[PDB]
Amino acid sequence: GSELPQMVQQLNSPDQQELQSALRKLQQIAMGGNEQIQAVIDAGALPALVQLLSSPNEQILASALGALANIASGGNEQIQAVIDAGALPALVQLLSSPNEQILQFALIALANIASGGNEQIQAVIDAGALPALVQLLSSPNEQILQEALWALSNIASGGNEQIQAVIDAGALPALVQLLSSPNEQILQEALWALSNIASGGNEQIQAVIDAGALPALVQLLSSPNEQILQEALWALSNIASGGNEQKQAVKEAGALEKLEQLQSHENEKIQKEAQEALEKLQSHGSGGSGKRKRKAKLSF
């Protein structure tokens, strides 16, 4: 309430101490849920925060990113307000920053925007984010790689046209290569990304198959890691939701025997996901694939 208008005014303060302070307070208020986010938007914060993405002051920039990321953790309409204030061109340009901290925070903000509805996701694609995000799949910096993977995964949680944009940007070969990663964080994310691409139409599922995902996905059905096991099951289950050619590719890769054995796993969630995937492979229908979105905060 009554202190918020002052905080927003202070985003243009000639006193850098007052500015940085107001920015941090807004960032923190935007951690408090969608009603609190809406109070920040209603006080007029957005134009100023977006303007500050052009700041050459790295402390200001990092906090502005933090604030906008938190606002973009809200509802689809709150995300759309951020897009409407003009955030995307600045965020996309920041994907080329040589500052790893700024890059990380930019990625998180983009990822949150791409956790909105299909129209919000399409704005991200139309702003040109995908070629940069796909290029970052090759980063030797695990932190950067992890945040780019989340952004791609969220973009692939849209409709078939959004998924097709991801495929056409050349993401699949890198994502399939990541299924070999010894890094459990990266592996999990690569599986989210591929699962979401495999939640589209049959020709999207087939692009995943044609890029060579199945043998690695079937190997992961041998993991003692219950989290990785569930993630590989989700991916196989999405692919098995396609048509006959897709179901048949899954059978040719040897999944049947393993899916059947996994119905005897003590973990009830694994049991259930195995049974469901198996029923789809032997079913005559299609559909039932699952999409997942990730939202993250930034509390400084």
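Residue indices: 1-based, along the sequence shown.
*Which has the higher mean CA temperature factor in the PDB entry, 223 to 231 or 147 to 155?*
The stretch with the larger mean CA B-factor is 223 to 231.
*Could you check which stretch, 214 to 222 or 122 to 130, carries the larger mean CA temperature factor in the entry?*
It is 214 to 222.
*Would you mind checking which of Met31, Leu68, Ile41, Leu61 has the top Cα temperature factor in the PDB entry?*
In this record, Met31 carries the highest C-alpha B-factor of the candidates.
_Candidate residues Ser180, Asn141, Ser97, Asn112, the one whose C-alpha B factor the record puts highest_ = Reading the PDB entry, the winner on C-alpha B-factor is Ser180.
*Lowest, middle or highest third: where is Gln204 by Cα B-factor in its chain?*
Its C-alpha B-factor, which the entry lists for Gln204, ranks in the highest third among residues of this chain.
*Chain-wide C-alpha B factor ranking for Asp84, given as lowest, middle or highest third*: As the PDB entry reports it, the C-alpha B-factor of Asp84 lands in the middle third of its chain.
*Lowest, middle or highest third: where is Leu49 by C-alpha B factor in its chain?*
Lowest third of the chain for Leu49's C-alpha B-factor.
*In terms of the CA temperature factor given in the entry, to which third of its chain does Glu77 belong: lowest, middle or highest?*
Tercile = middle for this residue's CA B-factor.
*Within this chain, which third does the Cα B-factor at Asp168 fall in: lowest, middle or highest?*
CA B-factor rank for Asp168: lowest third.
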